[PDB]
Novice: 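Pasting in a structure now, in structure tokens, and then I'll have a few things to ask.
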Amino acid sequence: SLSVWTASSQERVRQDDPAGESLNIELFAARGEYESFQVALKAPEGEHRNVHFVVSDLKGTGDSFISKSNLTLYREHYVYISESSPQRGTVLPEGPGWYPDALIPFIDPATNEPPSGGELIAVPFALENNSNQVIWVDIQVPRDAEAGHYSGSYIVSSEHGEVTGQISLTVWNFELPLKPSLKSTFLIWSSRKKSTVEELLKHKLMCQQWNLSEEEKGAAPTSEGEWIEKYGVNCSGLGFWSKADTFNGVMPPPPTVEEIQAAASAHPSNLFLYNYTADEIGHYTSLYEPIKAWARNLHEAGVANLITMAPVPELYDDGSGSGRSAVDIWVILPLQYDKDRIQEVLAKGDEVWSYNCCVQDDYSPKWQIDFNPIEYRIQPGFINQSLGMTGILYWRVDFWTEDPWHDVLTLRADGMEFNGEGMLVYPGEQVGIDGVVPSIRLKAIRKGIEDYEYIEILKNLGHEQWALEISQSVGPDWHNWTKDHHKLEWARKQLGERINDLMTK
Ligand SMILES: [Mg+2]
């Protein structure tokens with residue numbers, strides 16, 4: 001007895017969930033966009049020792065065709081959380097238990113062939129009594145794909161079972177740019193491989209190396225031109241760190257204009273440059289004059305100043321006489337949001353970005369594994385657009401425990417435990433490959449970056465307010481945002497149908 005059903009991308013499938021009602025999926029997407037779905041499996045009676053899973057090509061009218069090479073398959077790995085993330089307010093974690101999060105790849109990206117010799121293998125796999133298994137399916141729509149309807153199949157098979165489900169995909173007559181409109185800064189502290197950067201870029205996230213040795217500080221950004229071409233890299237940091245942080249309220253004099261210009265000229269031209277100058281120093285009012293000194297030198301070199309602090313009117317003028325702010329990219333937590341200050345800085349030409357960590361308030365989306373999966377998607381797209389925010393930052397992606405496939409309690413502090421804090425990718429060793437593999441949460445971030453793009457496209461077409469009415473219906477602010485994946489899917493489809501229509505006049 002083999003029970004099969006589908007689930008949407010941001011639907012969590014628990015090991016003990018009952019079987020759903022459909023084993024088909026219907027999706028909609030633009031050229032250059034991903035859409036994903038899950039195939040959940042249960043053996044209500046007995047066991048299946050040897051379960052396999054394949055997909056077809058997707059075929060449309062006439063010669064229209066999307067190769068199965070555009071589909072990426074993974075088996076979900078469940079991790080056991082024994083200590084809850086903090087429980088406060090109305091946005092709560094779901095409790096100790098098994099959570100699907102790491103993704104076991106069918107294919108090693110290095111070879112384009114199945115891994116061999118891993119401790120954990122995607123297929124074949126055993127389906128044991130009552131504990132569900134789940135396949136994650138990514139579909140990347142080719143940049144050139146013909147608009148219209150496509151269909152294909154997935155096949156689950158075992159020694160006593162074979163079940164075939166339909167994949168239905170509608171390709172809309174628009175494209176998402178290779179270069180994401182949303183800018184980002186996601187920090188890598190430990191895994192210095194080019195495959196680590198590439199895994200993040202494939203998910204539309206821009207990264208910077210952090211905690212670099214004095215020796216490797218200032219190495220030349222050798223690969224950046226390649227990554228612009230291949231992955232649409234949309235910004236880069238110069239790496240002048242002041243060392244000022246929450247614990248260190250002191251700033252030295254800035255690097256000279258000449259030094260900043262030399263750093264800038266190592267990067268490709270026609271690339272937005274910023275400098276992450278200081279972190280969470282909003283309490284230290286002594287630092288305002290030093291921040292303006294840094295700003296003036298960066299501005300003379302055509303470089304943007306990025307600080308994780310909230311807009312303060314004392315820093316709306318860098319002291320140069322131009323009227324430009326001392327901070328060009330203000331990066332804030334949900335809890336720091338102040339509508340009036342944000343309106344002031346957007347009006348004068350600055351950017352505001354969001355960042356997240358820990359569990360610091362009662363109401364905002366929280367980035368831990370034991371929270372609703374929607375919280376990783378809703379922040380970069382709908383809420384950011386509702387509030388006029390134009391980027392996202394995250395402090396670390398590789399904060400692994402010593403047993404990273406089995407222990408995801410990555411931070412313990414002040415009597416609190418955090419599940420997945422600073423960890424969005426998993427090491428490949430456990431699945432027999434050299435490079436990192438993605439999490440389910442990284443897939444949600446990617447999707448939210450695509451949601452942002454839908455809204456940006458409508459803004460660019462002259463339909464900003466129309467798009468914000470929709471955005472504000474599901475994610476107006478940090479307090480009031482939907483917990484229901486169906487409503488976000490509904491909102492996205494309204495946006496996508498409209499763009500389709502406007503491009504087919
Ligand atoms: Mg505890």
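In each ligand, atom 1 is the first atom listed, and ligand 1 is the first ligand listed. Start at 1 with the first residue, then count along the sequence.
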Novice: Do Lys447 and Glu33 meet the salt-bridge criterion of a basic N to acidic O distance under 4.0 Å?
Specialist: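 The answer is yes: the pair qualifies as a salt bridge.
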Novice: Output yes when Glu375 and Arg12 qualify as a salt bridge under the 4.0 Å nitrogen-oxygen rule, no when they do not.
Specialist: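 Salt bridge between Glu375 and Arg12, a charged N being under 4.0 Å from a carboxylate O: no.
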Novice: Would you call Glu94-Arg14 a salt bridge at under 4.0 Å N-O?
Specialist: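 Salt bridge between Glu94 and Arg14, a charged N being under 4.0 Å from a carboxylate O: yes.
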Novice: So, are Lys183 and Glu351 salt-bridged, with charged N and O less than 4.0 Å apart?
Specialist: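 So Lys183 pairs with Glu351 through a salt bridge.
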Novice: At distances under 2.8 Å, what protein N, O or S atoms surround the Mg ion (ligand 1)?
Specialist: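 Counting only protein N, O or S atoms under 2.8 Å from the Mg ion (ligand 1), the list reads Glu417 OE1.
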Novice: Holding to side-chain hydrogen bond (donor to acceptor under 3.5 Å, both in side chains), I want the full list of residues that pass it with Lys483, two or more places apart in sequence or in another chain.
Specialist: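 Result, side-chain hydrogen bond (donor to acceptor under 3.5 Å, both in side chains) vs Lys483: none returned.
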Novice: Does CZ in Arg49 sit with more than 12 non-hydrogen atoms of other residues, nucleotides or ligands closer than 6.0 Å?
Specialist: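 Open.
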